[PDB]
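Novice: Here it is, the structure in full.
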Amino acid sequence: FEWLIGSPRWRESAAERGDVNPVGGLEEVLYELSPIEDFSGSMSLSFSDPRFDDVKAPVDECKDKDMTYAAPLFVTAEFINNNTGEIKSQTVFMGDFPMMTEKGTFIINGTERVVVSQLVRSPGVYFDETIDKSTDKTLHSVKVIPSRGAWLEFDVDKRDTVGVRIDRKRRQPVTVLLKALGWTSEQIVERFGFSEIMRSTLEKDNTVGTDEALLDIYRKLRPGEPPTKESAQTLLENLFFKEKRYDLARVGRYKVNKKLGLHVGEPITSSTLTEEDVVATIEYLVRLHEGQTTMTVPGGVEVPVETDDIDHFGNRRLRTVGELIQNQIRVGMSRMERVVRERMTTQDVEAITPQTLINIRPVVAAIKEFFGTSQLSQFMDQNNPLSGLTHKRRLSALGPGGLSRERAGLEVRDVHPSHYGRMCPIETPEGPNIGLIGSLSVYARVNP
Amino acid sequence: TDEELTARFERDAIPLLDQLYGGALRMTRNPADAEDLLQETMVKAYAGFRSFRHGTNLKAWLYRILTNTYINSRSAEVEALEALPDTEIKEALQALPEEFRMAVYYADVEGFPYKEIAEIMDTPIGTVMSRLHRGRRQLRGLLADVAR
Amino acid sequence: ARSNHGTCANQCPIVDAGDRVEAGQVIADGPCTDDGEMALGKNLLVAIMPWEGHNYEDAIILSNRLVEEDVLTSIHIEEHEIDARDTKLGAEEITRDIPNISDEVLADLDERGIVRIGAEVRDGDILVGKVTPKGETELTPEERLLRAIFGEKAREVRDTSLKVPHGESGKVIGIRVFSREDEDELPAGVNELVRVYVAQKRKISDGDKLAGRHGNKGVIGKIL
Amino acid sequence: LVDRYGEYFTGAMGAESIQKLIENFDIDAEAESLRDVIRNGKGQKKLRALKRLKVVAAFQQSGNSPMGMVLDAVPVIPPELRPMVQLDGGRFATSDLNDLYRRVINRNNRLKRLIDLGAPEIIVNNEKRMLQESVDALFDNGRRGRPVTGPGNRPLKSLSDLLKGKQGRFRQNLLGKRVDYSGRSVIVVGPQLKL
Amino acid sequence: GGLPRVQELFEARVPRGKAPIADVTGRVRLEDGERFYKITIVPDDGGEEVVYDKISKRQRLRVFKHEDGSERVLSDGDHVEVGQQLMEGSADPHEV
Amino acid sequence: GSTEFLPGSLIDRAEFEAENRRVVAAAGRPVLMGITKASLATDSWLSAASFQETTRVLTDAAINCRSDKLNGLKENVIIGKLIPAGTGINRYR
Amino acid sequence: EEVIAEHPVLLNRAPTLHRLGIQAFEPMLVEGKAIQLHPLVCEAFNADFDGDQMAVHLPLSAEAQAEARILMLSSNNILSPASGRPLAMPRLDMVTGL
Amino acid sequence: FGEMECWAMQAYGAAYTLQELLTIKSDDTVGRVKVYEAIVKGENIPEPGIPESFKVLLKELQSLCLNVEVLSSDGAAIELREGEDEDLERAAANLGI
Amino acid sequence: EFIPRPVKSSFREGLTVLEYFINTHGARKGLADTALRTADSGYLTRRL
Amino acid sequence: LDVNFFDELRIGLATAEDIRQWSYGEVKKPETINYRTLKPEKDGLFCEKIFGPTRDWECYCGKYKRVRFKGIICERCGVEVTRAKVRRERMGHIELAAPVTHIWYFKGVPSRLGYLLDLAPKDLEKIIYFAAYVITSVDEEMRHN
DNA sequence: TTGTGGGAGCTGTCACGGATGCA
DNA sequence: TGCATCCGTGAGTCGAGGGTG
RNA sequence: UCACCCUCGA
Ligand SMILES: [Mg+2]
Ligand SMILES: [Zn+2]
């Protein structure tokens, strides 16, 4: 929570960490949202500084009057009109932000509550070996899962092929995507030449070309509407490489740059898919059938080729309370950005202010909906001090963004060897939540 | 040229229904309500399509129409004991003369009009109302419980 | 103070006037703390042997001392809530005036119709008196006799008063009340809202669940 | 085909056309042809004709017209069986049946308004499709396409969901029920007792 | 095995072992082949031959092949009854 | 053959033979079927509808215009009638 | 104490795996708020006293009371209807004593 | 009293207990008050009626365009609801008509 | 599968950290398996 | 009163004649109740005229409140004066501008219509949801002329 | 009834019988 | 027009407490 | 009372 706010306790901590670049969670949502540009590019609106006024009511008064322990949230919204070149700063009230107590809990509508750390798979590429097709033949699959955006999936069939299953759509041959990103047959045949499965898929290819690959990817993405190459290029470039609709996590960029070793020279400047990492993922997928230990991308570095464990605590992270609140705030603020863009047209210029563009109703609704109805916001369990203490340290695998309850198999619940010193193997429910709720270990701490 | 205007409507704004359906679902989070809202916007647009000005970019008019139309939008124990009589109001009524008891019953319990009570009891209006008020008084004197 | 699950959370000072405390020391104990350490139970003298079948199949035999000396006694607070609001027939009223009710049962209620602090409540005792306007559609024929003969005009109501649930009894600790007549935030239509807190001292008893730290559970078969 | 050679046939879309194809349909001719195929033919087509005969012969008994498979009027369950109870703050909590019937009524009234207003056939076809889909959701939701989601994206309990599952009428309310004159409590051992 | 086998039997499903039984009494011809067995039964009456097409070497021959001959593992030329199982495994109850 | 049956359909042995008895005044083969399939194929549409796959059972039972004899135990449980077993048998009742 | 005399009740523990999971008993009034269960009928119910609870149903009609006294009486069902073996035999502590 | 409990009751062959549990204790609207009244006045327990949830099931099937009808022994569909005039006699008598 | 190293310590001597952590695997595996096993048995019993 | 002794229990498809024969009226409005007075809006989903009186022996407009009048219909409000117990057994109906298919018989596998008309469920999907047309009938005599 | 404008989440489930629909 | 593939169904019983829509 | 969800008990 001190990270989410940016409190000076969290400031000092960062210098010690060496992560010299300190950026709070709210500050991060502001930097992602800023600026807000109109379709004409004439006027921009950028949020700069988060600040907190003192708390509205003490904890005891909140619990007595059925209130929410909260503090007012202000931002510095600077608007710029490029046409008249004028600047209008301001201090805008975002909403009454629920605050965490000193005991680590929240007060929502007069009831004390705890936000359980959720167990979710970290972004990146994950390879698995699917035996048990119709025939005793090892088919290897890989999923590229981001922090936000559209998923990517590469599979191999019973018959030897390679295809891209994109957004649950039917699997189109991967050569379609290769030629859609600008590659030509003479160019891709080179890199995958040692793989005959790719050669067989190109021999079984339906069409060979760049613009027609764009248009066919388009018609695959687009039902019931006429195909066009221009909108094909726009949508295909906007879904993955554009930072708006696609969020590759910093954790995700780190995972993919460690797994594929493509860029290890500290290039964290941008978190997005690089055409080289898609080339690396496809080359990794096809070479995993052979399984040679050392693999070198055209730029990669001696990457070991092996399938990934889904339950390993290097590939399974946890979203703490700050990140969950940040992920609801992000959605609320994106809706507010929609409202801002809608206002920017109908309103009379030279009458607008950063106050008239901003509508804080969706953000307040998002926060209220989270703390009221979210599965991860749980009624605090206080029979004795110990019950609350562990409840605040629980790790829950169920919730939005993680696996559902019907997706919980025996293999996710078992004690993993990576749980040693991280999650306690003894403390867990006896009933249907067995293996789904586990207590954090004593000496363990959560990574940034 | 009314039907011709509707024909060029079928030829002009119909390609925009998909784009502005995306626009309506972009505000209404429920796709079914997005369908309903797009249908309402289309009824509004076709009702006043003749009023629409001819222009180079017609669709922005529909965009504003869409945004404006959206912004415009007892146990068995209790049941068994309820059946039993009060056996206090019962007794007090039994003490009343049957002639006055039936009168106060019809005019007070069942709430007939006085003429209709006179019709039921075969007796004229004077007899009915006299029995009515006299039985009222005798019953008032009979019970002082008044729900305690 | 009542906790979320009904367990009482008291706090008691463990220091005296004039003591020199270093930063980080425990000043006062919580509910299950003792001089700063977690104390979730009691140290009992245990004998490991089958005794006349009363401890058969995981049951537990207790010494009656644990009752007389309040060793396993615990305080359980429970909150009751009732609100008077506006109906279609009118507005509800929280009042001591309850029709067809003896003065003896109302004796523990103040002028407001709310129970008085410190009174002992039993199953069915009135915690908050509340009347609700009756539609008269379900009005009794023998009662319409009364309303028509005696000319009852002003008040036609029924008893919606809050009573104590079955099997629950205790001492009223506190009462808080919010009124629309005063400045308080209440949901729409809700005129008055009153909470009565009731605490009970539960001795250890047959059926209660005892367990150690080693996963050895059981109910109390008999307390000799 | 309608601009030229228009008067020579009849053809349409939606459920009206299915009602017509049922109207002009010979259950006896189709049934006799199918059982003739079963008797004479062999192979997978024999199995296909068997599966189709099992439907047609069942429809071939004592009236029981296939017209019942298309509704011109939808029955409404009594309001008690779809109750609506008050909440805190003037809000009201209702069943899902009421919202389903409400969507059906909304789309049907809008279709009437489109018919009277002479709207383009494309818009009227859209409204007819939406009416069909709403009746589908009311009868069995989630059976086709994504289920209709109330606020919170929960699937609305349809008329079929009331029967299905361990919590449906049959399992939950008919094969076993809650009874009067019953209690429960913690059990402790008494060795004192006779068997 | 275990509870899934009980369910497989009560649901009358075609078992996963798929151990075929004999269709008719008579002489047996055991074919040899890498990873695959083939069985050809010649009925003693002289009716049309019956052929069990292929069985993977993962399956193993039934232990009992004794009416007047060997009480050990089924070999070529043994005498087979009507219902004698031909492979070690789980028989199909529909065939039985 | 002569009687009115659908080939490949499963018919109770006693009812098949009895109908057969009426005839001549029919090539059946014993079939092993699972407990689920034997349960859904019962003569009581109410029992089958309460057991499993309620929607399909109700559709097919509406098409065939079936009439439940209210014979089995679970049917009497559903309609609240005294069950046809134990103390509910006409011999003892 | 008078109205209870010779009026049986039904004791049930979920899950009800066999018919012996519901058994009739003659109720004896007992001080406290817990149900006292005979130790020999545990094996039938698979009932222990580590925190288990059971439910009580009161038959009303003469036929229901007769079925409780005759068919479902505790001392009438001593044998497992599955194997015929007898449950309601001394369980573990009792044996140790013997 | 769940499904498996009814399985057990049937395995016992106790029919009247199962009917009483499922009709006059739970769903028989006219049988519940009848039973309470009979025990209060020290009389015998009457004969069970129809579970109301079965009527709810029939209405639910009718709402699914399924024409459900309860047939007599040899007759046609049987009327399943009751007239309102059954309750007036005893009330007018308790008021001393 | 079985782990090639056994737990040489009895619970009277007390297991080491590693032996306890290794035992947890089978313990929770069985605790979870029984939850599905009872459901399978119950469904089969209902069908019967 | 019923002795729960019924020989047989039959079902079958509901003809539109059956559906209208059952109904006591037609709901024309999406409205449920008037939120000011908490009263059923006429011709709504809770309408008292078609479904029944909310309160025992009362019409909507309030001109009839007594057990005296029973089995008659108020002329102003159009509500029969009777027990509210009928509100659980009185069905309404909805007249559809365009016919619809019962999703049980179309999407229920195997498709009952698809076997009835010998059509593929994919083509039936195209038809019922307005993706493609279908020829209902043709005049072969005039066409041949 | 103007000039602007491409959704939120998921899947980390398994086994089995049958109708669908592709090539 | 033979066969793979996709779709629909099913996945224990009975209790307690809380919140929000 | 209606529906969800959550955490528990055998
Ligand atoms: Mg136990
Ligand atoms: Zn009226």
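Note on naming: chains are A, B, ... as they come in the structure tokens, residues start from 1 per chain, ligands start from 1 in the order shown.
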What does the list of residues within 8 Å of ligand 1 look like if you count only C-alpha atoms (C1' of nucleotides) and all ligand atoms, written as a list in words?
Specialist: residues 47, 48, 49, 50, 51 and 52 of chain G; 10 of chain M
Novice: With 12 Å as the limit and counting only C-alpha atoms, what residues in chain A lie close to chain D? Please list them as a count of residues only.
Specialist: 4
Novice: Can you work out which residues are within 8 Å of ligand 2, considering only C-alpha atoms (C1' of nucleotides) and all ligand atoms, and then hand them over as a PyMOL selection string?
Specialist: chain J and resi 58-64+74-79
Novice: Can you pull out every residue from region 277-411 of chain A that DSSP, working from the backbone, puts in strand (DSSP E), and format the result as a list in words?
Specialist: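 Taking region 277-411 of chain A and keeping strand (DSSP E) gives residues 294, 295, 303, 304, 316, 317, 318, 319, 377, 378, 379, 394, 395 and 396 of chain A.
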Novice: Store the residues of this selection in a file with N, CA, C and O atoms, as a short mmCIF file (atom, residue, chain, number, x, y, z; two decimals), in the first residue's frame.
Specialist:
```cif
data_model
loop_
_atom_site.label_atom_id
_atom_site.label_comp_id
_atom_site.auth_asym_id
_atom_site.auth_seq_id
_atom_site.Cartn_x
_atom_site.Cartn_y
_atom_site.Cartn_z
N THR A 294 21.27 -25.77 -25.96
CA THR A 294 21.65 -24.41 -26.30
C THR A 294 20.92 -23.96 -27.56
O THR A 294 20.91 -24.67 -28.58
N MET A 295 20.29 -22.79 -27.50
CA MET A 295 19.68 -22.16 -28.66
C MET A 295 20.07 -20.70 -28.70
O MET A 295 20.13 -20.04 -27.65
N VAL A 303 20.27 -19.82 -24.92
CA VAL A 303 19.10 -20.07 -24.09
C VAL A 303 18.87 -21.58 -23.98
O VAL A 303 18.88 -22.27 -25.01
N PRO A 304 18.68 -22.11 -22.77
CA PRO A 304 18.28 -23.52 -22.65
C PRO A 304 16.83 -23.73 -23.07
O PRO A 304 15.94 -22.96 -22.69
N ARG A 316 5.04 -18.13 -11.15
CA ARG A 316 3.76 -17.87 -10.51
C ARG A 316 3.96 -16.76 -9.49
O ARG A 316 4.55 -16.99 -8.42
N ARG A 317 3.49 -15.55 -9.81
CA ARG A 317 3.66 -14.40 -8.94
C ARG A 317 2.37 -14.17 -8.14
O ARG A 317 1.38 -14.90 -8.27
N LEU A 318 2.39 -13.15 -7.30
CA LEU A 318 1.20 -12.76 -6.56
C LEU A 318 1.00 -11.26 -6.68
O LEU A 318 1.95 -10.48 -6.55
N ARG A 319 -0.24 -10.87 -6.98
CA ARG A 319 -0.65 -9.48 -6.93
C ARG A 319 -1.09 -9.15 -5.51
O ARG A 319 -2.07 -9.71 -5.01
N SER A 377 -11.36 -9.01 -1.73
CA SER A 377 -11.70 -8.21 -0.56
C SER A 377 -12.58 -9.08 0.34
O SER A 377 -13.76 -9.29 0.05
N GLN A 378 -12.00 -9.58 1.43
CA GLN A 378 -12.67 -10.54 2.28
C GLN A 378 -12.98 -9.94 3.64
O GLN A 378 -12.18 -9.18 4.21
N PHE A 379 -14.18 -10.25 4.13
CA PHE A 379 -14.56 -9.96 5.51
C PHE A 379 -13.46 -10.40 6.44
O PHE A 379 -13.08 -11.57 6.44
N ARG A 394 -2.63 -14.37 3.94
CA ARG A 394 -3.08 -15.46 3.09
C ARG A 394 -2.72 -15.20 1.63
O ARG A 394 -2.59 -14.05 1.20
N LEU A 395 -2.56 -16.28 0.88
CA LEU A 395 -2.36 -16.26 -0.56
C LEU A 395 -3.45 -17.12 -1.16
O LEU A 395 -3.54 -18.32 -0.85
N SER A 396 -4.30 -16.50 -1.98
CA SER A 396 -5.45 -17.15 -2.58
C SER A 396 -5.23 -17.27 -4.07
O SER A 396 -4.80 -16.30 -4.72
#
```
Novice: Find the residues near residue 55 (chain J): any atom within 10 Å, counting only C-alpha atoms (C1' of nucleotides), skip ones fewer than 4 places away on the same chain, and give them as a PyMOL selection string.
Specialist: (chain C and resi 135+137-138) or (chain J and resi 48+59-60+65+81-85+87)
Novice: Save the residues we just selected, N, CA, C and O atoms, as a PDB file, in the first residue's frame?
Specialist:
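Now in again-v1.pdb:
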```pdb
ATOM      1  N   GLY C 135     -52.445  -2.132   6.801  1.00  0.00           N
ATOM      2  CA  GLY C 135     -53.223  -1.805   5.619  1.00  0.00           C
ATOM      3  C   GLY C 135     -54.720  -1.951   5.791  1.00  0.00           C
ATOM      4  O   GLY C 135     -55.478  -1.421   4.971  1.00  0.00           O
ATOM      5  N   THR C 137     -56.475  -4.307   5.075  1.00  0.00           N
ATOM      6  CA  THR C 137     -57.003  -5.318   4.165  1.00  0.00           C
ATOM      7  C   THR C 137     -57.031  -6.686   4.834  1.00  0.00           C
ATOM      8  O   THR C 137     -57.954  -7.478   4.611  1.00  0.00           O
ATOM      9  N   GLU C 138     -56.023  -6.975   5.656  1.00  0.00           N
ATOM     10  CA  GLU C 138     -55.961  -8.182   6.466  1.00  0.00           C
ATOM     11  C   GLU C 138     -56.538  -7.960   7.861  1.00  0.00           C
ATOM     12  O   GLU C 138     -56.445  -8.847   8.716  1.00  0.00           O
TER      13      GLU C 138
ATOM     14  N   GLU J  48     -52.591  -6.278 -12.023  1.00  0.00           N
ATOM     15  CA  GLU J  48     -53.582  -6.944 -11.188  1.00  0.00           C
ATOM     16  C   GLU J  48     -54.804  -7.393 -11.976  1.00  0.00           C
ATOM     17  O   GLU J  48     -55.440  -8.387 -11.607  1.00  0.00           O
ATOM     18  N   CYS J  59     -60.174  -4.476  -5.606  1.00  0.00           N
ATOM     19  CA  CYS J  59     -59.865  -4.079  -6.969  1.00  0.00           C
ATOM     20  C   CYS J  59     -58.680  -3.114  -6.962  1.00  0.00           C
ATOM     21  O   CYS J  59     -58.115  -2.788  -5.913  1.00  0.00           O
ATOM     22  N   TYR J  60     -58.288  -2.650  -8.149  1.00  0.00           N
ATOM     23  CA  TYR J  60     -57.136  -1.757  -8.241  1.00  0.00           C
ATOM     24  C   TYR J  60     -57.477  -0.358  -7.742  1.00  0.00           C
ATOM     25  O   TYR J  60     -56.792   0.183  -6.866  1.00  0.00           O
ATOM     26  N   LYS J  65     -63.739  -3.100  -1.757  1.00  0.00           N
ATOM     27  CA  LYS J  65     -62.926  -3.696  -0.692  1.00  0.00           C
ATOM     28  C   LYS J  65     -63.880  -4.374   0.289  1.00  0.00           C
ATOM     29  O   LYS J  65     -64.286  -3.757   1.277  1.00  0.00           O
ATOM     30  N   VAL J  81     -62.579  -9.385  -7.930  1.00  0.00           N
ATOM     31  CA  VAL J  81     -62.457  -9.337  -6.478  1.00  0.00           C
ATOM     32  C   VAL J  81     -62.466 -10.775  -5.962  1.00  0.00           C
ATOM     33  O   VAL J  81     -63.487 -11.466  -6.017  1.00  0.00           O
ATOM     34  N   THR J  82     -61.313 -11.235  -5.480  1.00  0.00           N
ATOM     35  CA  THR J  82     -61.160 -12.606  -5.010  1.00  0.00           C
ATOM     36  C   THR J  82     -59.895 -12.682  -4.163  1.00  0.00           C
ATOM     37  O   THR J  82     -59.208 -11.680  -3.948  1.00  0.00           O
ATOM     38  N   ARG J  83     -59.594 -13.886  -3.681  1.00  0.00           N
ATOM     39  CA  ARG J  83     -58.393 -14.094  -2.882  1.00  0.00           C
ATOM     40  C   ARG J  83     -57.146 -13.824  -3.712  1.00  0.00           C
ATOM     41  O   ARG J  83     -57.105 -14.105  -4.912  1.00  0.00           O
ATOM     42  N   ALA J  84     -56.123 -13.262  -3.066  1.00  0.00           N
ATOM     43  CA  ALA J  84     -54.842 -13.059  -3.730  1.00  0.00           C
ATOM     44  C   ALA J  84     -54.119 -14.368  -4.007  1.00  0.00           C
ATOM     45  O   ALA J  84     -53.138 -14.369  -4.760  1.00  0.00           O
ATOM     46  N   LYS J  85     -54.588 -15.478  -3.428  1.00  0.00           N
ATOM     47  CA  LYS J  85     -53.986 -16.787  -3.661  1.00  0.00           C
ATOM     48  C   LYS J  85     -53.996 -17.172  -5.134  1.00  0.00           C
ATOM     49  O   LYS J  85     -53.278 -18.097  -5.529  1.00  0.00           O
ATOM     50  N   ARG J  87     -52.882 -15.269  -7.519  1.00  0.00           N
ATOM     51  CA  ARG J  87     -51.764 -14.643  -8.218  1.00  0.00           C
ATOM     52  C   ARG J  87     -50.634 -15.617  -8.524  1.00  0.00           C
ATOM     53  O   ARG J  87     -49.758 -15.294  -9.334  1.00  0.00           O
TER      54      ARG J  87
END
```
